[PDB]
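In the authors' numbering, the protein residues as written are 1394 to 1730.
Every residue gets a Cβ at the ideal spot worked out from N, C-alpha and C, and that includes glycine.
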Amino acid sequence: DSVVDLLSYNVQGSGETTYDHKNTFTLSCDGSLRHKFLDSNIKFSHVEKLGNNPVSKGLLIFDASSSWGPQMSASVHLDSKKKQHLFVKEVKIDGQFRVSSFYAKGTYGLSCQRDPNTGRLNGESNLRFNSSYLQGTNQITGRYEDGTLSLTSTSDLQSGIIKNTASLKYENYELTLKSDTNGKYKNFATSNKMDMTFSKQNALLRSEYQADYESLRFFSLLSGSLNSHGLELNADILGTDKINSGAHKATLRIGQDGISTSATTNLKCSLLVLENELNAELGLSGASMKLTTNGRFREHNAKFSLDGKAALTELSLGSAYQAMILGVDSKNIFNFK
């Protein structure tokens, strides 16, 4: 208490906390701060029925008011009760925020219904957010039924410029996930759809995606299946445009019989075409390698390929190439064992 305003204020708060031996509990926390630039109102009530009827009530009362524009407030309403034997819970949370003109509001709503006799639960979630330059909203539905879960997610991002949806299912001790995301920005028609699967031993990988930018339709395919007996993976990716087309495929098998790799790259550019084939098998009969490459431009042809076998009994590598480039006869052979 002083003649000067800024030197005068109020600061106080009661943090009451008491448990009733009756198996009932109550928590009270009051916050009130009085100052010449800001005015804070804080009050939170928390009470728990620790005897019978396991009810839980939680309420927050908060309001702070700066005397120089900014105004803030948030409310929390926690409601959980055992309706006879149906456990009913509902939560309402809302945080509201402005400064002078900037806006920021996020409202959330959660609903949960459970039947423990049947081991079944119904979870429903609502999310919405708004601001001066940002819009956010998402919904989640969770269905659990006595060991069986069915969860689904739908997300809208910045007014839906990007759309994402995730589907998950876990039944019979085997997991399956599906996940999709798609772009709606500028010239990008990007769309990725991802699914994952799981068995007692096997996990399966399928991944698709298309970029589809301007005139370029680029595609990537990945297929990965695994087991106790090594991996089998194929990566297949295509980049095709108005004229040019990047086409390469790679196949890799990890088997107890040995390793078989097959990476192939074919490129065509108007009057130029390129073809590339490597073929290596790392088996038990000596490593086998086979190569092929014939780059074709206009009429001119270059024809190359190489055979190769490396066995303990014998090593065989025979190289050959021929071409008529600029009409110049050209041929080389290298055979040696």
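Pick helix, strand or coil for residue i, following the three-state DSSP scheme.
i               : result
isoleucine 1630 : strand
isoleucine 1718 : helix
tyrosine 1578   : strand
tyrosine 1412   : strand
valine 1666     : strand
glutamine 1532  : strand
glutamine 1506  : strand
residue 1739    : In the structure as shown, the chain begins at 1394 and stops at 1730. Residue 1739 is therefore absent and cannot be evaluated.
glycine 1679    : coil
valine 1481     : strand
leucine 1400    : coil
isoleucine 1554 : coil
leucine 1699    : strand
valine 1440     : strand
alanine 1704    : coil
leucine 1527    : coil
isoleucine 1636 : coil
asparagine 1446 : coil
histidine 1428  : coil
Could you check how far apart the C-beta atoms of residue i and residue j are, in whole angstroms? I think they sit under 8 Å.
i              : j                  : result
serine 1518    : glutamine 1532     : 7 Å
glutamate 1674 : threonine 1657     : Not a contact, Cβ separation roughly 15 Å.
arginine 1507  : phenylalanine 1480 : 5 Å
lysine 1683    : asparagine 1672    : 4 Å
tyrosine 1496  : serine 1525        : 5 Å
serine 1395    : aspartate 1432     : So it is not a contact: roughly 19 Å between Cβ atoms.
I'd like the list of long-range same chain contacts for residue i, defined as Cβ closer than 6 Å, with 5 residues on each side in sequence excluded.
i               : result
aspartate 1456  : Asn1434, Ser1466
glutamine 1603  : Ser1584, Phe1612
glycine 1408    : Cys1422
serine 1709     : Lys1702, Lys1730
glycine 1451    : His1439, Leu1471
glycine 1688    : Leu1667, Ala1695
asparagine 1557 : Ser1548, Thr1574
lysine 1436     : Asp1423, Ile1454
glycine 1535    : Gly1516, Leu1544
Output the distance between the C-alpha atoms of residue i and residue j, rounded to the nearest integer angstrom.
i               : j               : result
residue 1388    : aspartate 1487  : This structure cannot settle anything about residue 1388, because the visible part of the chain is limited to 1394 through 1730.
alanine 1716    : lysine 1730     : 25 Å
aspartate 1539  : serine 1548     : 27 Å
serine 1655     : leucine 1626    : 11 Å
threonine 1686  : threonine 1574  : 39 Å
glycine 1623    : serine 1552     : 45 Å
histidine 1470  : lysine 1485     : 5 Å
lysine 1476     : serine 1449     : 12 Å
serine 1546     : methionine 1589 : 16 Å
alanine 1596    : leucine 1443    : 46 Å
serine 1543     : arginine 1491   : 38 Å
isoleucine 1636 : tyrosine 1606   : 14 Å
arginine 1427   : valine 1404     : 6 Å
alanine 1643    : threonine 1530  : 41 Å
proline 1463    : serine 1494     : 9 Å
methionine 1587 : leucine 1570    : 8 Å
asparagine 1725 : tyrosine 1714   : 5 Å
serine 1712     : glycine 1617    : 35 Å
Enumerate in chain order the residues of its own chain whose CB-to-CB distance from residue i is below 7 Å, with the five nearest sequence positions on each side excluded.
i              : result
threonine 1411 : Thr1419
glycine 1679   : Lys1702, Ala1703, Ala1704, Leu1705
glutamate 1707 : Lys1730
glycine 1502   : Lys1485, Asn1519
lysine 1474    : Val1448, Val1481
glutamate 1483 : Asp1472, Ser1504
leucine 1614   : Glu1601, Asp1629, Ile1630
Enumerate in chain order the residues of its own chain whose CB-to-CB distance from residue i is below 8 Å, with the five nearest sequence positions on each side excluded.
i              : result
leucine 1664   : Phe1690, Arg1691
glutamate 1567 : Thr1590, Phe1591, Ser1592, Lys1593
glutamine 1649 : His1622, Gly1623
Measuring from the CB of residue i, is there a heavy atom of the ligand MN at a distance below 7 Å?
i             : result
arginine 1646 : You won't find the ligand MN in this model; it holds no ligand whatsoever.
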